[PDB]
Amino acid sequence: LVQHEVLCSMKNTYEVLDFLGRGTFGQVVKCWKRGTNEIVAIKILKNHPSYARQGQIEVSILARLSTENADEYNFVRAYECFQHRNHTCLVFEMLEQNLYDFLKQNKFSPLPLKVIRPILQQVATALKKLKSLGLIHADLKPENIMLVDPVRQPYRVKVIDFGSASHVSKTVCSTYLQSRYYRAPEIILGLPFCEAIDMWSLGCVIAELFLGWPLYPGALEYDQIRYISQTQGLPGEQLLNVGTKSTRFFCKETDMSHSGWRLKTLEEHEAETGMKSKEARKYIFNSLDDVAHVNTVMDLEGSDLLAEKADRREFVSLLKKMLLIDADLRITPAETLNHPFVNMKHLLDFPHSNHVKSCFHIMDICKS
């Protein structure tokens, strides 16, 4: 389906104005709710039977989300639902700009920590509501986080993809289910995955926002887990033993000096798959603590700088806790909202610092 100007529904009717996206997910288009001054986004799903319950499940969760009022929990609001030419449509409120196109706007300049904080706090409260209902987003990525109104509401945001969401009843992963740069280790190796899958995605997102570039811009799933263990340490023996896909990226060295597992050398991969592995990280780290020493020229002197050095110490502290290789030990939405970095406890230790007075003024301004 596709058209340039026309549509209708049960109580409402919509005209299309411009295209907003088109791909495997279907087709999203921006429309005008005639009779009012609302512009809405409505997403059409393709009308093929093999994709039947893939659409039935997205509506089933959208309904379970309108009830329980996910709205005002920093989620996009789903207005109504209907059909048109046998296709199925979903009406959403219109948001302005997603974080990818926002980073691209500043030529991928790093965003300062003072701005990153309110965004995280909101995306955390949105995931917190998910866990309390038992849902997994599964596609949390920069493209799926948007500024309500980046000019009239400088920092409010909301989430906006559900084509990958599912209940926690699943305990098995058959194929890929995230955007690669943000796919959690559970998906890459093949283990029973939980809602932590998204908390990983949030790790690469806030990391991407601070560095200005993907933390792990792997070209293939191999490159991905290569960058990960190379930075954070090789995964744990118990994880790799029960992973289905772990034979594809790791080898079981039974050498005299073996803990049971070693990563496959590049040469072993290029000889196996035939694909030369190009380095893709704009940033290469030996440790995650190493992240605190990046983009270090600040134009701040005096107390302003010491506060910034303490803000970074607590940033890596949380990033490490969000990016635990293990799924269970990884920090949970409720616990991140309590971590000192979102809390800002460590900032109180700094009286009359004009950099700290401006950090608090960003959290308080988030409510308005």
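Note that residue numbering follows the sequence shown and begins at 1.
- The stretch 250-258 shows the higher mean C-alpha B-factor when 250-258 is compared against 206-214 in the entry.
- The PDB entry records a higher mean C-alpha B factor for 46-54 than for its counterpart among 46-54 and 24-32.
- Across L140, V168, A165, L120, the entry's maximum B-factor at the CA atom is seen for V168.
- Of the residues listed, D101, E96, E270, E221, the entry assigns the biggest Cα temperature factor to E270.
- The deposited CA B-factor of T175 belongs to the highest third of values across its chain.
- Split the chain's modelled residues into thirds by C-alpha temperature factor. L240 is in the highest one.
- Per the deposited record, the Cα B-factor of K320 falls in the lowest third when ranked against the other modelled residues of its chain.
- The entry lists a Cα temperature factor for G190 that places it in the middle third of the chain's modelled residues.
- Looking at the C-alpha B-factors along this chain, the one for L288 belongs to the middle third.
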